[PDB]
Amino acid sequence: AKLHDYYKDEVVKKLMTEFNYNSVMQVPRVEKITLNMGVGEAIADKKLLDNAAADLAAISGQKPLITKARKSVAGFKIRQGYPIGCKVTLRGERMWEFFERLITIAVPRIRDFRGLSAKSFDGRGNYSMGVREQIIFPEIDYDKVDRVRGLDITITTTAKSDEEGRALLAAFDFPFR
Amino acid sequence: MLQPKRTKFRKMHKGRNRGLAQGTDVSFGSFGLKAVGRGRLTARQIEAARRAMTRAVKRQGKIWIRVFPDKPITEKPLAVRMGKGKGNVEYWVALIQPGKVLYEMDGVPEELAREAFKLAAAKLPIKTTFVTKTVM
Amino acid sequence: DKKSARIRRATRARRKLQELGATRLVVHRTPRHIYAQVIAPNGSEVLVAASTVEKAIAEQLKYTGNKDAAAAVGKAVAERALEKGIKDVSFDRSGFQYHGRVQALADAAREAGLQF
Amino acid sequence: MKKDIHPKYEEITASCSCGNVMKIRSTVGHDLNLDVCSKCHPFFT
Amino acid sequence: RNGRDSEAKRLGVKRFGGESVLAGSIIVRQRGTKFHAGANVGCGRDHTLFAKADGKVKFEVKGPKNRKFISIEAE
Amino acid sequence: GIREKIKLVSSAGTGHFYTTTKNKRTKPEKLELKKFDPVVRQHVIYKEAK
RNA sequence: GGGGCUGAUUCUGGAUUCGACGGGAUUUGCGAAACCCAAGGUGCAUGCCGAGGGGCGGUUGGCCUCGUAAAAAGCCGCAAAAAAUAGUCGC
RNA sequence: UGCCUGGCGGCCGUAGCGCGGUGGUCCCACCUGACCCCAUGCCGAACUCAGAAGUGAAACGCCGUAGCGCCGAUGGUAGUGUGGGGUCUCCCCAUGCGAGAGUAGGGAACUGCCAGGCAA
RNA sequence: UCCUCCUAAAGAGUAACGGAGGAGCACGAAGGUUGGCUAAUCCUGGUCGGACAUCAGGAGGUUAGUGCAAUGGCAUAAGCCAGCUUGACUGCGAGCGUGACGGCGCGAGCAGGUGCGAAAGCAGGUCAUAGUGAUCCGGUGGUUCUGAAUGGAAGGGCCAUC
RNA sequence: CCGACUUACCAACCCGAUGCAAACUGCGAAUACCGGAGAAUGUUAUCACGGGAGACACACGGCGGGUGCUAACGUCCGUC
């Protein structure tokens, strides 16, 4: 509940002074992140998924979540109902401190950092990004891990337009290079 | 020559040709030849009718064909008995109702278009005539 | 929406209640209220309607629409129903899951003397 | 929201080794001492 | 290469509207659900609508999606 | 066809059995179903039989 | 004229031409083609014109050039363009 | 009684969409708070409870709106029951039945009960 | 031989060496119940990943799915997942549908016995329509029902079944 | 080579317009067939049970079609 208290009063009046919200229910709120690590190559071997989940294993509360294939694809060598990816639906209250673990301290851990894009939207105004690796998180020490495992990190706010989701990222010092 | 691209059924029934035209009058161009008799036109008849009609103006304007065969009509081989299966396809006729505008031309003098379809009328089997562009 | 999507779940019970033509016991759950009605098999007339919305019934509790307040009107409705001589209803889920308050509404209606 | 399959947690207190302290609840394990903070991340110059 | 076919199943309607039939008498033989159950009408294993009790067979269309119904009024 | 026919004899005192077919190539273990016994007029288990 | 069988060793499904070459991206370093912001450089320039073009004629319908007119580039045919480009054997 | 709301229906696209407005007293929704009731191939998103500070944003309801869907004659038209006829692979006439689409138009509903709130 | 569409002329039905396709199985779960849920396919964005994984948001509307061919239907889902079970139960069966006949089909409900749900309720197989052979002969288990002078037996009957 | 311009046209998906379908139907007749009510008329014309048969080679004409060449005193079904 660290940055939500900064969201609770300072950001809220910052929003209605920015876009003239007549109601306190139209100012956007972050609601979830999707910390999804779609490794993919684990179609032949199980442990390519199991350690990928175990390299994913230190963000949210508990064990690591498995996913399934949507359908069967010849080119990607898959059949229907196949354990391929591992994801996270970090919605609610346990996710707000994760941003400070990501948007503040994992930012200066990137190999040759320059910045993140500001033109990546779902059409409605919720930003999706994908980190190239996972080593920037504090939980990985490069001792027992073995991969440069990347993972899509999509933040979904209640922004009615594309600029507002850019602005709701901009209200919490996002690195717009 | 006209033939249905990627058709559905190879063999269909003979069928009857009853009724009048569900295509009313001049729509595309400005002058049309409307079939009066009732019957059918082979796809061989259409192209030779298209060839000689276009021969009059030689390039000028465009000629709007309002019809299409879309009907495989079969024939048994010569000197084989009745039945023994269904005959295979030979050629593709178009079921033609009375009062159906066959070909439409635009971009010609009025009198030149008269013989342009009249020479196309001799190639075509059924008796037919000329019509002008309809008003409303 | 969770309300209109709930309705199609209730329809299977609602189709069944009129297909076999039995008097039903309907529920409706509000954040601060609870509702309970008894509706005739003709499907357009409501016989017994006892909810917490009425001003003479809500003031028995502090917060209406919780478990003890839901049981406050569950006991009352069958008392009004048995005062019409009603002895057969089947409980309708109305799409609501039979675990929480709408179970506790049904618990008091079982306590009032009706059989379901 | 549900029980028991969301990648593991453990509260630690951290402090970056540049005079800037970022001590929030984390999920690393026992602890970790950081090296670079946001305030020393060279995006300003 | 063709000519192989089946013997027909004698589907379709067995009793028309207004006809009075006893319980257990089959109303409509059908494959899908072209006529749905109204009152006193049950669907069998193969959607065989049967007269559940005494009365007269009535055809009607109701429902949000306009589904046809066979119903029985006890006369 | 590969589902050859088996027998489901009762653990009850009867010699009676249910008769059905299983795919013994795919499902190697025997079947255990508590059906209704007619002679006992009770529910008892059934194991596979040949 | 018809029927059957055979129709890339798999004859019913999971190619891994171990290889330059052809397609795609990935990663790397940065290029007006992988680029923009006049600012760090920085005072006398650009476009319309006039002009003619390595030995030749032309040549980007635009380029090294011309402060109102006789000299200069990439390149086209020109042309220093190659040739038993594996053997072995003959007269 | 009226205005509303909520619940259950009759009819079920004249009843539905899109877009223009409105409502928070009440009700409803959003909402907050979550060990415990309980929920979960995951994180109180849904489901669940506890509350009700904030809100009418959104949903929903009503008002506007034919920008569309939708209903839609009359006459004519196609077909056809017979009865005859024709230059009888197709038509005509007598009577009898009568579209589909299209056209003028209509259309953004109505309806039944029950409980609350506010005005009389 | 069986199944589905059309030929077939709007009740059903209806032929030709007419037009087209499928079956000689699959499933103890892909069954039963309760709970819960809804697709196709696009483009928007996002690490390898791009056109195809995984993830998010919108369009969209069942063009999806339904063991398998077509037809009919299906979100109240008959589609999809989870939970617990074996109703894939026995003895009947008012009632009809259907073929000359043999034969086949649907069936609430009654008795006994079970599962699901709290409950009305549902279940005597799979969304439906093919996935199959009459009798004789003999096999196997159960049953004294009979059992040739009698005690039994053998052998038959019956019931289950090959 | 740059590389711009242009072009009959090859030319998708969306828009509007135009025709065809036994295996296309968001639309939809005549008649057909079933049920009920009624009256006139008909030597019960309705059906059941029993005794007896013959018949199961059809033909053309009419309309509805398959097939054929909408050829056949052709063939195969419907119906009179």
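Up top is the structure.
Here goes a summary of the coordinates provided.

Time to look at the interface of chain D and chain A. The parts lose accessible area when they come together, and the size of an interface is often stated as this lost area. Taken together, the contact pairs 20 residues of chain D with 29 residues of chain A. Regarding the contact of chain D and chain A, the summed buried area is about 2,300 Å², with carbon and sulfur atoms giving 64% of it. Inspection of the region where chain D meets chain A yields two salt bridges. One salt bridge in this structure joins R25 of chain D and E97 of chain A, with 3.2 Å as the shortest N-O distance. The tally of links from chain D across to chain A stands at 17 residue pairs in polar contact. In terms of residue class, the side of chain D that touches chain A is made up of 11 nonpolar, five polar and four charged.

Residues and elements named next belong to chain B. The phi dihedral of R6 falls on the positive side, at around 45°, and the residue is not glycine. Mapped onto the elements of the fold, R6 is located in the segment before strand 1 (31-35). What makes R6 exposed here is its relative accessible area of 75%.

Between its first and last C-alpha, helix 3 (residues 67-82) of chain C extends 23 Å over 16 residues, near the 22 Å set by a 1.5 Å rise per residue. Residues of helix 3 of chain C that are buried include every one of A69, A70, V73, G74, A76, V77, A78 and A81 of chain C, and no others.

Moving on, we get to the packing of helix 1 (residues 43-57) of chain B against helix 2 (residues 110-123) of chain B. Residues and elements named next belong to chain B. Relative orientation of the contacting elements helix 1 and helix 2 amounts to 155°, with a least axis distance of 8 Å. Taken together, the axis directions place helix 1 and helix 2 in an arrangement best described as roughly antiparallel. The handedness of the crossing between helix 1 and helix 2 comes out as right-handed. The residues of helix 2 that touch helix 1, namely those facing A48, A49, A52, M53, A56 and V57, are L112, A116, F117, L119, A120 and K123.

This part covers the arrangement of the chains. The pair of protein chains exhibiting the most contacts, out of two pairs of chains in contact, is chains A and D. Separating chain A from chain C is a minimum C-alpha gap of 16 Å, and the two share no contact. For the non-touching pair chain B and chain C, the nearest C-alpha separation works out to 41 Å.

Calculation criteria
Residues numbered from 1 in each chain as written, not as in the entry; some residues may be left out. Chains lettered and ligands numbered in written order. Part of a larger assembly, values for the part shown. Heavy atoms only, no water. Contact = heavy atoms within 4.5 Å. Buried area = accessible area lost by both parts, 1.4 Å probe. Salt bridge = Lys/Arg side-chain N within 4 Å of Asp/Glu carboxyl O. Polar contact = N/O pair within 3.5 Å; in protein donor to acceptor, adjacent residues only side chain to side chain. Nonpolar A, V, L, I, M, F, W, Y, C, P; charged D, E, K, R; others polar. Helix = DSSP H or I, 4+ residues; strand = E, 2+ residues; numbered from the N terminus. Buried < 20%, exposed > 50% of the residue type's maximum accessible area, 1.4 Å probe, protein only. Expected span 1.5 Å × (residues − 1). Axes fitted to C-alpha atoms, helices over the stretch in contact; angles between N-to-C directions. Parallel < 35°, antiparallel > 145°, perpendicular 65-115°, else oblique. Left-handed = near helix turned anticlockwise from the far one by under 90°.

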